[PDB]
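A.B. asks: Need a 3D model of the sequence below.
(chains A, B, C, D, E and F)
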Amino acid sequence: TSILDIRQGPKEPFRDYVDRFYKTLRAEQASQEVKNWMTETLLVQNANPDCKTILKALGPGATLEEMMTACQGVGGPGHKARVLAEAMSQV
Amino acid sequence: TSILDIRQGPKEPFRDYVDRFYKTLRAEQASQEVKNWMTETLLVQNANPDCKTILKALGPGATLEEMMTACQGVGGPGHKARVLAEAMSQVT
Amino acid sequence: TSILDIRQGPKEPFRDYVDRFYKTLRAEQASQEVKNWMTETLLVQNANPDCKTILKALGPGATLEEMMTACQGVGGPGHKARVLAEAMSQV
Amino acid sequence: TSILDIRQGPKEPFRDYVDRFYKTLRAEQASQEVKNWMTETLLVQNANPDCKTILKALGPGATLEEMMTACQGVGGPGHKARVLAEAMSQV
Amino acid sequence: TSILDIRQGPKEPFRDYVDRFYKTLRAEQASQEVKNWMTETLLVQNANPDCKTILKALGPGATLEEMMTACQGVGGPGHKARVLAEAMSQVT
Amino acid sequence: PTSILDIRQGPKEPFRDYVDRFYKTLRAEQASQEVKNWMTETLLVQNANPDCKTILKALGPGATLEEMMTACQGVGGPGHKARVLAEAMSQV
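C.D. replies: Numbering: from 1, shown residues only, chains lettered A, B, ... in the order given. Sure, structure below:
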């Protein structure tokens, strides 16, 4: 089990995935500075395309509490229809 | 386990999220006065965007009996379909 | 587990919700006359909007066998298609 | 547990509903003659609306293996598409 | 249980259904010859309509490796959408 | 026993999950390490379901694991389905 193998499933909630990332990062023998750097590059990189498109729109300086509120809609009745009703228009 | 970590899943029913919120609130090293203030602030802010839009429409003064009866359709056949319809009308 | 705390989930079938309602009602500490009054009022009130809209059409006098026969379509293919078409043709 | 309570869920496959009916039927206290009359009346009556409109179109005489083959499509990814298409053309 | 009662669920994958079929066939009390005749007739008849439509297009002489590879798309995003289209176009 | 040749991706299974089973199974196969590398290049990309295969077929040769898996973790998601469903109706 290595921190680099943790990826968000295609239908996994972002809350459930952020917990596995931290659950794993508590075992990987490394320095605190490294673990913080890990948290700053892998977390948003290894997210699924749905959450990734939303986390990029926020930009830098966003904390967990700011992402974890912007992604708890992914997979809800509002999202699936907002996206679905767009691909119809886009094509 | 902290009360601030309890969020409503994107597909979780509101009834289940309210249970965890209160299930987690009754074991917090907080005062009774604080736990009431927590209930009023955290409960509605940590709901997913589907329940929130519905709750934010009721306004202040709504009890759990009024909120939960208004959200138990979220994710159901009627609610899902209605949303999709208004998604084709707003964009066409 | 109070009796007033039993509600019908959004995706939960009616058969399953009624089972929990009675499972919990049998454990309540109260009199028989009260328990029957509970069933008459709470059972249809704590139901989700879909089963509720179909129950308010049967009206009063419907039995626990007429209701369940009227709601076991909720959440099925025939139901979902019927609910979706009616909404699309409205806007 | 009584044979008259067994009902097909709104999303339950038809194979898994016939399995519980007979699992329950073999336990009900009655004679074989009464159990054969239960099967002809209850089994089809307690089916959900989707697995019922199909059976009502075979008519009498169709055995179990004749029905189960007619109902194993309900809920498949080709059944919904068919039901959903007629609903639109009806409004 | 008896091999004649093994059917493919409406939402079950073909891969998962061929395992119970063979798992059951290895338990059915018959001769090894009657078992090959079972596999050649029942395995396809007891499949759900979605997979059956794909299998009856290939024809005779197709091996499990060819069938299983042709049905592991049933129930997927591309497959679902592909069926919902021909119906909509060949209807409304 | 399980043969590496029978590990196929379910019609509704995440690529991450199917990859893990492939490697969990390949670690046990009694082949030689030279035969296992050849297995990884042929079977893994061949025994995938049609939804992931069409995308891997686009990456082309020279694609590492970290590149494939990042390309497939969207399959089965809202953005994916809506995009695949939108072209089906457009192609017909």
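A.B. asks: Show me which residues of chain A sit near chain F.
C.D. replies: A:7-11, A:48-50, A:53, A:74-75, A:79-80, A:83-84, A:86-88, A:90-91 (CB under 8 Å from any CB of the partner chain). C-beta here means a position set from N, CA and C on the backbone, and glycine is covered the same way.
A.B. asks: Need the buried ones from the residues you listed selected in PyMOL.
C.D. replies: Listed next is the PyMOL selection for buried residues among the residues of chain A next to chain F, using 16 or more other CB atoms under 10 Å in any protein chain shown:
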select buried, chain A and resi 7+8+9+10+11+48+49+50+74+75+79+80+83+84+86+87+88
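A.B. asks: Might you report the residue contacts of residue A:89?
C.D. replies: B:91, B:92 (CB atoms under 8 Å, 6 or more residues apart in numbering or on different chains).
A.B. asks: so it is in which element?
C.D. replies: Per DSSP states H and E, residue A:89 falls inside helix A:77-90.
A.B. asks: Return the alpha-carbon coordinates of that helix using CSV.
C.D. replies: Only the C-alpha atoms of helix A:77-90 are listed here, as CSV (Å, rounded to 0.1, in the frame of the first residue of the first chain):
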residue,chain,number,x,y,z
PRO,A,77,-30.0,14.7,-9.0
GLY,A,78,-28.9,18.3,-9.7
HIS,A,79,-25.5,17.4,-11.2
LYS,A,80,-26.4,14.4,-13.4
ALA,A,81,-29.1,16.6,-15.0
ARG,A,82,-27.1,19.7,-15.2
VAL,A,83,-24.3,17.9,-17.0
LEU,A,84,-26.7,15.6,-19.0
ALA,A,85,-28.8,18.6,-20.1
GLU,A,86,-25.6,20.2,-21.4
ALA,A,87,-24.1,17.5,-23.5
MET,A,88,-27.5,17.6,-25.3
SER,A,89,-26.9,21.3,-26.1
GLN,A,90,-23.2,20.9,-26.7
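A.B. asks: How many neighbouring residues does residue A:26 have?
C.D. replies: 9 (other CB atoms under 10 Å in any protein chain shown).
A.B. asks: For chain B, see how far away it is.
C.D. replies: From residue A:26 across to chain B, the span is 16 Å (CB to the nearest CB, to the nearest Å).
A.B. asks: Would you check how far apart that residue and chain C are?
C.D. replies: As judged by CB to the nearest CB, residue A:26 and chain C stand 35 Å apart.
A.B. asks: With residue A:14 instead?
C.D. replies: 21 Å.
A.B. asks: Tell me how far whichever strand or helix holds residue A:50 lies from the chain's centre.
C.D. replies: Using DSSP H and E, residue A:50 maps to helix A:49-58. Taking CA atoms, centre = their mean, to the nearest Å, one finds the center of helix A:49-58 at 8 Å from the center of the full chain.
A.B. asks: Any chance you could list what contacts that helix?
C.D. replies: Taking CB under 8 Å, 6+ apart as the rule, helix A:49-58 contacts A:8, A:14, A:17, A:44, A:47, A:62, A:66-67, A:70-71, A:74-75, A:79, F:73-74, F:77-80.
A.B. asks: what's around residue A:20, how many residues?
C.D. replies: Neighbours of residue A:20 (other CB under 10 Å): 14.
A.B. asks: now do residue A:17
C.D. replies: The burial count for residue A:17: 19, using other CB under 10 Å.
A.B. asks: for residue A:51, same thing?
C.D. replies: Neighbours around residue A:51, by other CB under 10 Å: 22.
A.B. asks: Report the separation between it and chain D.
C.D. replies: As defined by CB to the nearest CB, residue A:51 lies at a distance of 27 Å from chain D.
A.B. asks: Going by contacts, tell me the helices and strands next to whichever strand or helix holds residue A:33.
C.D. replies: Assessed by DSSP H and E, residue A:33 sits inside helix A:32-45. Contact here means 3 or more CB pairs under 8 Å, 6 or more residues apart in numbering or on different chains; DSSP states H and E; on that basis helix A:32-45 packs against helix A:14-25, helix A:49-58.
A.B. asks: With just CA atoms, put the helix holding residue A:50 into CSV.
C.D. replies: Taking C-alpha atoms only, helix A:49-58 is exported to CSV below (Å, rounded to 0.1, in the frame of the first residue of the first chain):
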residue,chain,number,x,y,z
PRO,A,49,-12.7,13.9,-13.9
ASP,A,50,-16.0,15.1,-12.3
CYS,A,51,-14.4,16.4,-9.1
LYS,A,52,-11.3,17.5,-11.0
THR,A,53,-13.2,19.9,-13.2
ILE,A,54,-14.8,21.5,-10.1
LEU,A,55,-11.6,21.7,-8.0
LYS,A,56,-9.8,23.4,-10.9
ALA,A,57,-12.5,26.1,-11.2
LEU,A,58,-11.7,27.0,-7.6
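A.B. asks: which element follows it toward the C-terminus?
C.D. replies: Using DSSP H and E, the first helix or strand after helix A:49-58 is helix A:64-70.
A.B. asks: Tell me how far that next one lies from the chain's centre.
C.D. replies: 10 Å.
A.B. asks: Then stretch A:16-30?
C.D. replies: 13 Å.
A.B. asks: can you list contacts of it?
C.D. replies: Defining contact as CB under 8 Å, 6+ apart, one finds that stretch A:16-30 is touched by A:1-3, A:6, A:8-9, A:35, A:38-39, A:42-43, A:46-47, A:51, A:64, A:68.
A.B. asks: Apply 10 Å and report the result again.
C.D. replies: Residues from elsewhere that reach stretch A:16-30 (CB atoms under 10 Å, 6 or more residues apart in numbering or on different chains): A:1-9, A:12-13, A:34-39, A:42-43, A:46-48, A:51, A:64, A:67-68, A:71, B:5, B:9.
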